[PDB]
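K.L.:
These protein sequences, in sequence, are chains C and L. Residue 731 in the UniProt record's numbering is what sits at position 695 of the first sequence, and the numbering runs on without skipping anything. Residue 553 in the UniProt record's numbering is what sits at position 517 of the second sequence, and the numbering runs on without skipping anything. Have a look at this one.
Protein chains: 2
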Amino acid sequence: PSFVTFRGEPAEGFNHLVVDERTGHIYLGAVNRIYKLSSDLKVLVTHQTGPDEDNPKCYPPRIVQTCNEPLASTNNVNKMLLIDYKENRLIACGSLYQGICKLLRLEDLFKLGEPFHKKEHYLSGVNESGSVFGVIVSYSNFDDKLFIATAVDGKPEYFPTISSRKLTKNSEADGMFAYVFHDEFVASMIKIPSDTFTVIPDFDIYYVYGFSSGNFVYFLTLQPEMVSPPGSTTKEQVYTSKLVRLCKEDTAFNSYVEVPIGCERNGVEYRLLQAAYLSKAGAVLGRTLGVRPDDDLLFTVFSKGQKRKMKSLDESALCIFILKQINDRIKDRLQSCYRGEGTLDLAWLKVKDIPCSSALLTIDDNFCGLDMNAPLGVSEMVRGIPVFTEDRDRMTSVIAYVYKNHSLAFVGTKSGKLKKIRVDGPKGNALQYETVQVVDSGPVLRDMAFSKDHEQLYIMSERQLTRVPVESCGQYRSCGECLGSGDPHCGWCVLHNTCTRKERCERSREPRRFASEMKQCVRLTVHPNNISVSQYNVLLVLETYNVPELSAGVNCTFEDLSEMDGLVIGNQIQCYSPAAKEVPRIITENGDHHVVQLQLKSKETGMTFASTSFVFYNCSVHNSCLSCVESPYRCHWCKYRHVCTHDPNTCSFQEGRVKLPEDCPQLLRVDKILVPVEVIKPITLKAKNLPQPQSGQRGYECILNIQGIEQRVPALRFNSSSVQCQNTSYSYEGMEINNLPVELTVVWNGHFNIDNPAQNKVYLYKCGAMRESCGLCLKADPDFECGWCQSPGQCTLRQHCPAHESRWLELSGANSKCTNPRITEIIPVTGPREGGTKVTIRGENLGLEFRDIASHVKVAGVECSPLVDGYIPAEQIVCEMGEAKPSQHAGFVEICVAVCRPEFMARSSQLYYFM
Amino acid sequence: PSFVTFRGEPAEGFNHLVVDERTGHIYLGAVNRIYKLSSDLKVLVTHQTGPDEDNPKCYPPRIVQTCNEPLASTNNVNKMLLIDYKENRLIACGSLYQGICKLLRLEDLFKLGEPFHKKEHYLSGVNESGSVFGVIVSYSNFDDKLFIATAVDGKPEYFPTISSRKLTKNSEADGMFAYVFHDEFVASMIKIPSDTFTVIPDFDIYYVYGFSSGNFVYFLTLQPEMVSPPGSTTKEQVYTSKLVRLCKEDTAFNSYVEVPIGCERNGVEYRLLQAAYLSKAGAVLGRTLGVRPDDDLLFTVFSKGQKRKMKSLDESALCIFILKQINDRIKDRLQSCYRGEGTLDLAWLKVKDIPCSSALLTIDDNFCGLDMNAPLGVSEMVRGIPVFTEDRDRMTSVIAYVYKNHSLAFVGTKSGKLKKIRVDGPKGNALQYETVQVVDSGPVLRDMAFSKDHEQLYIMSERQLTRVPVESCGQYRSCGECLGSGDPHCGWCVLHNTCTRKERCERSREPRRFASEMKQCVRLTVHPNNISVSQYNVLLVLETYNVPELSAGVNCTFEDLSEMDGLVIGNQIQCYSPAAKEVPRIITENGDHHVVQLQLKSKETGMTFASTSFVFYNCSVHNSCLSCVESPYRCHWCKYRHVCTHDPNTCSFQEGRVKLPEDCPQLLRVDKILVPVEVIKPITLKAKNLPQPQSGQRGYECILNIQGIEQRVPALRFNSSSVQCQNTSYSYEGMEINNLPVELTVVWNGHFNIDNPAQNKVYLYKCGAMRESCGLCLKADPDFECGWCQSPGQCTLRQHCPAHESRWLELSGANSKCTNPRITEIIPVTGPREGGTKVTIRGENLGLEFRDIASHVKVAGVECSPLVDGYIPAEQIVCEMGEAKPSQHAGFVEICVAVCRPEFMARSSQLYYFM
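Written out as structure tokens, the structure reads:
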């Protein structure tokens, strides 16, 4: 699903947002533009407030008087936006006019009026958006007004930072934005003193948030370094975030109060307000908080430290203030001043500290302020209760609301994401979900308002407004998953088999109709978890917990494949398995088994809610004993029937059943089976649980799978654990390879192949195609049993050579003198006369021991000394030649095995050359 | 009733049968099959032993080693079958494997094992069934074995004819069929010597029957010509049937003994064993035999002569051997050898005769044999006691058992019949019954076993097994018939009125409850055997012998018709006859009398057991005196009442009674009653015992039954023996026939007809319709009294013709000259001129004597001589004509009676023609 949004109609910019309580129309302040949108975020109307030729430096703007300074077309930023329901209009205060305010008609955005003429009509030079805030308070006629705070930019004479102003009925009327009570001595406004400007050049008050409570007006503000941090002269500026308050009723402005505010987390300081939101707790939070229903609360967001208001730190914390607690702090402070203790301590306002005067008074919450001990500051900074802290991504904005008594908090992030937090200090827990309806790359603004119906939450970005629903639980398929996510909005509507909010679930109020906690689910179990393919229409019992009354009716659906009716008794559901006709359609090609998700389809909703792992196995498919028993499931093998089945009874008879893998029938391995070609030899075998062939059944045979020829030799089964193929000889054609492993299969009764787990094979091995010389044969492995036969002048097994004499010669254990050494080739063909060369000689029939070859090697006359490590017996000799200074130049290489006997010597085909 | 049977399940073949002592299950060896059947002969299980590819010539069969000779699918014949109870299995030794044996599980026929590998595992090449036999003997572990004899077929090196072999617990075990004690010098086996084979080529030992007795093992065998019959060189083979024995305990095989056996009947020799059966005598046979209870007996069957073992002779005899007698013969023989006298004399075994060595020894029955005077033969052939001989149909098999101490013997026949013989040498008698349960066309096999319960006897044929009950007495309706049949099983269960065995009769043990001999019956008599129909509820006394106590109550049932209660007194039963209302329902239409089978219906059983001939007569039905007295029964006739009755008193009065047939009243015959029509004549009659008519009774009349007219003439009874109808004339209309016999009935008092046994009739005779001439009338019988009357020119009785003159002419005795001869026709119309022809002249009124006709005949002029024999007076003349040479050619025939007077001559109507 996608979230409904409004792209910066002026793609160019965006600043403030507000919702009309009755209509749901959304008004959006922006630079050069003010838009009226539908609840859906469709564009209703666009107003052009923008680009005006102007100059910030000029006082009474160009229209009133001529300005020496040059003008340029500049952008008019919507500083503030406030809905005046009574007046049926919108106060949309801009800038770039010296801050002239505009009045737009509610429905059409028709400009009712925009008073420019008088000085009061000008609010502030300040170009920055959001640095201003305020509240509109109204009563019936002859009772009314507007409270607004703004930054000065060092304009102290021109504009007041905080003021109480008049809002006349007629937009045309001159009176607008006039101070409620103006006296030569005191006016309902607060200006910044010139002295304070000189001391600290830049001092300015930026107003972030503001709200009316009970009968007062509060502002969250940011100020400069004044005694904080201490500093003799100007240098760096750090800010202190404070709370301000006024009686609505005080024309005098005596009620002004100002406490610093912040909160700390494990020794980390969070001093700077990003945003705030006044709200209600609802029954849950209020109770543990210890509040009355009416009592208010203030969620806030603060960044770490005192540094860089322009660009704050990522570290940010969401804190909380109970209004009762702040009211107490203020009352506590006042009751103290009335004690006469200490000074007023408000640095920016009063440079010279005036003392507090003691007096008899009943100090109440109602206290509006008096002439003496006039505007005052505060010493003890008020600490707030921390809630959630984000280190990686800074929180920008916040909102909250009461839902079914649980308090949900919304928090914008620098990333363009919203967090949905259930505050559970008073309850018990944390953050439920996070969403990126907004804008994936870059942030969200403080103006974040819930709709009137409270279905959605409009989230504003620099670029776009996004209608983020306070829920999209539908994404969750199962009770287990729904309750699993934890985003507090979601619950499992049992009968509907869907995941949504309480309001959405019909009849959720009724018992067990709606599930909040996983325990309430859905958990399902089937008693016959595994059913064989062969079986049909088996009775199954279903155990389900945390489900609503099913009396509407339920069907069992194994999958999309089938569906069977069920009857309910007790706390169980009884359904039947599918027919054999139906079951195999599924099973085919899945083989061993197929796990299927058996679901329950409710009659009323018609959607599958609950599932379980259901296995269709089916033992019968197994072709062999090993697969049947040895496999992963409970299956029994019938030796006689030679079939695998679940039921013991189905087997031929009692003695026939195979429960254990050892009992199958399988062939055990013995030392490797060596088989010479052309020799008559028996092959004894060992095995286990070999069956005695029953009536109508034949005996055992050994089948050798040789590609050239497959041999069928009958065998005898001596007992349950031994077999033997009868005397026979085997061969393969080709003479290609010495050792050929061959798969062998033991069969009985013609087709029945006994299992061969090890997959034992028979090695058919075949005498010197390779070796013409006696030395080479005796050199070869003793395993081959191949040996040299003197009369033939050839080499073969004893079997192969006739014995006129008692002996054919085999190296008994190397104690066998032989013959005819030959040199195939040697490396380094050439060498230096000086010697030292390593000659590598490769031959066929050399000596078996190193000791004999040593002293044997000679290159011509030159003595050559062989290397032990380098020497590979009868194959190769590595030898190092000595000093060659002799006259020969080139000479043949000679090796004398033990002794230079005439039969015993070998000379190289090509000569070694000295250079 | 039909006998339960099992048809050759393989319709194809059958060989051996055995019964399990506990279960009663019947196992049946066959070619290619071994079956397990229920007691009822239902098929329990079938095993396929059959058709295997093999060849008899090959030694170790194909499985062990390759055979050059070609194989063919051949049938595997079950040579032997033996139940091994201890092992809970069945040893079913086949052939066609070189005789490998198989082990089948008792209950299911599961093949436990079949050892093929070793030489011992092969029994014999021999394909023939039944030529092998043996016994399984078992003891607890560490004591045990199998003794088996088989034919060799000239295989002497390969197999032993008789052996003592091992039967291990495990069928898988290799050890099976190994010799009990094998030594290089001597093994527990006996082989046939090669020398003996060369001398007689074919010599072979065939083992028919075998059994264990006491602590030995005996075999009945057939062998070849060795010194019998004498012969220098090979030629014909005849066999000698002998007995063999061994100690169970002799591993050495020293105990071997061999006596020839047979028996002779009136100079006829029976040398060849067909079958044998060891059994017990029971008290009856044993006593007269002179035996102890434990002592055994051996029934056997032998064919006549020494010839053709393959196909023996029909003549066969059932003989007997008492084991004590054979044991004596053996002991007698041994005690003799120990004397040192003579040689061992065993031709086939020892070619060169070794002498017997004398030694001191206590010669007992226990004697197992010693090293010296080692295996030995026997000189004196042991003769057996003959029992039954069948000339026409050869006995094949035998079995016997003890029943109530009487010894019943069973004998199969070539025909497929079983004989049930009580052996009564020790008792006194012969063969009781014969049955064809089996197979009507063709024979029964030696394996014939009684069931465990001994209710039935399974009789095996080549084709089928038949469950023949050792009794079907129910077929017999009466005590007389039951005991009459003689088949020893049957007895008369008196109270039940049924025929069955002793076991079947409830309370037969008690006195006179069961009848064995005819005397014990049932014999019944009724004192009033004959009762008249007229009588009612007559008292009858019943005499019955050989009947049980009737105090239960008895009813008398004449037939299905009625049943009357009876009371018992003394040794008699008193019942009443049926009422007149009841009796005639039966009698109607049976007439003279109805014999009825009066039965006795017992109260307890409710079945009629005893019967007698009971007559319902009834005299009253007889309508006449003759039927009443003259008939077959005692009935009296009342002349006056004219009714027949049993009681003398019922007659009118004393003088009226007719006891004798002569006295009845009947008409006696006199010379035939001749009655002329139209003549007034009296007819006197004679008769006997004619009644004098009593008051209210009229006199006698004669009634003639003439269809034309029936005449009623009154008559007078002169006395008891004479009657006479009054002067009257009779006639019948038609003139069709001369002599008409007529039935006459003599009646008195209107309706009463007197009896006419002779059935005397009156002959009404009537004058020449036929004869126009005087000669013809006088020619006719003198009886007719018909005569010629001159004046009328016609012929009638004197009565019929008026006498003007004193005479009408009648041939007084042929002395009466007459007239007018006529010739109707003559045969041979034509004749030869030469003459010699026999002329046959037929006329009406010729001469009475031959003498006058001779010389009378002439054909024209030609003289013709008449033949005397040929001549029938006045009807026909046969005459031979003389030489015709005269001129006439054709001429008329003339006859002159005496003289050729003008009145007296006749001439032929047509002339005789000469050609």
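Where a beta carbon is used, it is the ideal one built from N, C-alpha and C, also for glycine.
Could you list the residues in the segment 153-171 of chain L with a C-beta less than 8 Å from some C-beta on chain C, going in chain order?
P.N.:
Here the close residues are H153.
K.L.:
By alpha-carbon positions, which one of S758(L), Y158(L) and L454(L) ends up nearest to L493(L)?
P.N.:
The candidate whose alpha carbon is nearest that of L493(L) is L454(L).
K.L.:
For my contact list, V480(L) and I495(L) are in at a C-beta cut-off of 8 Å; report their separation, rounded to the angstrom.
P.N.:
Indeed, because the Cβ distance is near 6 Å, the residues count as touching under 8 Å.
K.L.:
Is the Cβ of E208(L) closer than 8 Å to any Cβ of chain C?
P.N.:
Yes, contact with chain C.
K.L.:
Label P196(L) either buried or exposed according to how many other C-beta atoms from any shown protein chain fall within 10 Å of its C-beta, with 16 as the threshold for buried.
P.N.:
Looking at its Cβ environment, which holds 16 or more other Cβ atoms inside 10 Å, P196(L) is buried.
K.L.:
With a 10 Å radius around its C-beta and 16 neighbouring C-beta atoms as the bar for buried, classify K695(C) as buried or exposed.
P.N.:
Classification for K695(C): exposed.
K.L.:
Among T866(L), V244(L), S852(L) and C831(L), which has the Cα closest to the Cα of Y254(L)?
P.N.:
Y254(L) has its Cα closest to that of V244(L), out of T866(L), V244(L), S852(L) and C831(L).
K.L.:
In the structure shown, what three-state DSSP assignment does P620(C) receive?
P.N.:
The answer is helix: DSSP assigns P620(C) an H, G or I state.
K.L.:
Could you tell me the alpha carbon to alpha carbon distance between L53(C) and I390(C), rounded to whole angstroms?
P.N.:
Those two C-alpha atoms are separated by around 42 Å.
K.L.:
Counting only C-beta atoms, is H61(L) closer than 8 Å to chain C at any point?
P.N.:
Taking Cβ atoms only, chain C never reaches closer than 8 Å to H61(L), which makes this a no.
K.L.:
Is there a Cβ of chain L sitting closer than 8 Å to that of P857(C), yes or no?
P.N.:
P857(C) does not count as touching chain L.
K.L.:
Let's see if you can read the secondary structure: which residues bound the alpha helix (DSSP H) around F886(L)?
P.N.:
Note, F886(L): alpha helix (DSSP H), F886 to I889.
K.L.:
So, at 7 Å on beta carbons, what are the nonlocal neighbours of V715(C) in its own chain, with the 5 sequence-adjacent residues on each side left out?
P.N.:
Contacts found: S765 and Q835.
K.L.:
Between the segment 72-85 of chain L and chain C, which residues of the former have CB atoms less than 9 Å from a CB of the latter, in chain order?
P.N.:
The residues in question are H83, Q84 and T85.
K.L.:
According to a CB-to-CB cut-off of less than 7 Å, which residues of the segment 710-730 of chain C neighbour chain L?
P.N.:
Under the 7 Å Cβ criterion, the segment 710-730 of chain C contributes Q728 and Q730.
K.L.:
At which residue ranges does the segment 577-656 of chain C contain complete alpha helix (DSSP H) runs of 4 or more residues, listed in the order of the chain?
P.N.:
Within the segment 577-656 of chain C, the complete alpha helix (DSSP H) runs of at least 4 residues are 619-623.
K.L.:
Start and end of the beta strand (DSSP E) containing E737(L)?
P.N.:
Run containing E737(L): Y736 to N741, per the beta strand (DSSP E) assignment.
K.L.:
Output, in chain order, the set of chain L residues within a Cβ distance shorter than 9 Å of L752(C).
P.N.:
In chain order: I99, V100, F152 and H153.
K.L.:
Measure the CB-CB distance between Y437(C) and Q342(C) and report whether it falls below 8 Å.
P.N.:
Contact: no.
K.L.:
Just to confirm the assignment, what range does the beta strand (DSSP E) spanning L481(C) have?
P.N.:
Run containing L481(C): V480 to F486, per the beta strand (DSSP E) assignment.
K.L.:
Give the DSSP-derived three-state secondary structure of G86(C) in the structure shown.
P.N.:
Coil, per DSSP.
K.L.:
To the nearest whole angstrom, what separates the beta carbons of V113(L) and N163(L), a pair I think is in contact under 8 Å?
P.N.:
6 Å between Cβ atoms; contact.
K.L.:
Is it right to say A926(L) is buried, meaning 16 or more other beta carbons lie within 10 angstroms of its own, or is it exposed?
P.N.:
It is exposed - the Cβ of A926(L) has fewer than 16 other Cβ atoms within 10 Å.
K.L.:
Closer than 8 Å, CB to CB, is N755(C) near chain L or not?
P.N.:
Yes, because at least one Cβ of chain L sits closer than 8 Å to the Cβ of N755(C).
K.L.:
What are the complete alpha helix (DSSP H) segments, minimum 4 residues, inside the segment 397-440 of chain C?
P.N.:
If we require 4 residues or more, the segment 397-440 of chain C turns out to have no alpha helix (DSSP H) run fully inside it.
K.L.:
What do you get for residue 993(C), buried or exposed, if any count of 16 or more other CB atoms within 10 angstroms of its CB means buried?
P.N.:
The requested residue 993(C) is not part of the displayed model; chain C covers only 37 to 951.
K.L.:
In chain C, what lies closer than 9 Å to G149(L) by C-beta?
P.N.:
Those within 9 Å of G149(L) in chain C are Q728.
K.L.:
Given that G735(C) touches chain L, what residues does it touch there, using C-beta distances under 7 Å?
P.N.:
Chain L residues near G735(C): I99.
K.L.:
Between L662(L) and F650(L), is the Cβ-Cβ spacing less than 8 Å?
P.N.:
No. Outside cutoff.
K.L.:
Sort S443(L), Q473(L), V475(L) and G478(L) by Cα distance to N465(L) and report the nearest one.
P.N.:
With distances taken between Cα atoms, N465(L) lies closest to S443(L).
K.L.:
Could you list which residues in chain C have their beta carbon closer than 8 Å to that of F146(L), in chain order?
P.N.:
Simply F689, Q730 and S731.
K.L.:
By the DSSP assignment, the alpha helix (DSSP H) with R323(C) in it spans what residues?
P.N.:
Per DSSP, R323(C) belongs to the alpha helix (DSSP H) from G318 to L325.
K.L.:
I'd like to know if the segment 540-552 of chain C and the segment 561-574 of chain C are in contact, where contact means that at least 3 CB-CB pairs between them fall below 8 Å.
P.N.:
Verdict: no, contact absent.
K.L.:
With distance defined between alpha-carbon atoms, name the residue in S848(C), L77(C) and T855(C) nearest to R807(C).
P.N.:
Of the listed residues, the one whose Cα sits closest to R807(C) is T855(C).
K.L.:
Who are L726(L)'s beta bridge partners in DSSP?
P.N.:
Answer by DSSP bridge pairing: none, since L726(L) is not bridged.
K.L.:
With 16 as the cutoff for other CB atoms within 10 Å, does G318(C) come out buried or exposed?
P.N.:
Counting Cβ neighbours within 10 Å, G318(C) comes out buried, since at least 16 surround it.
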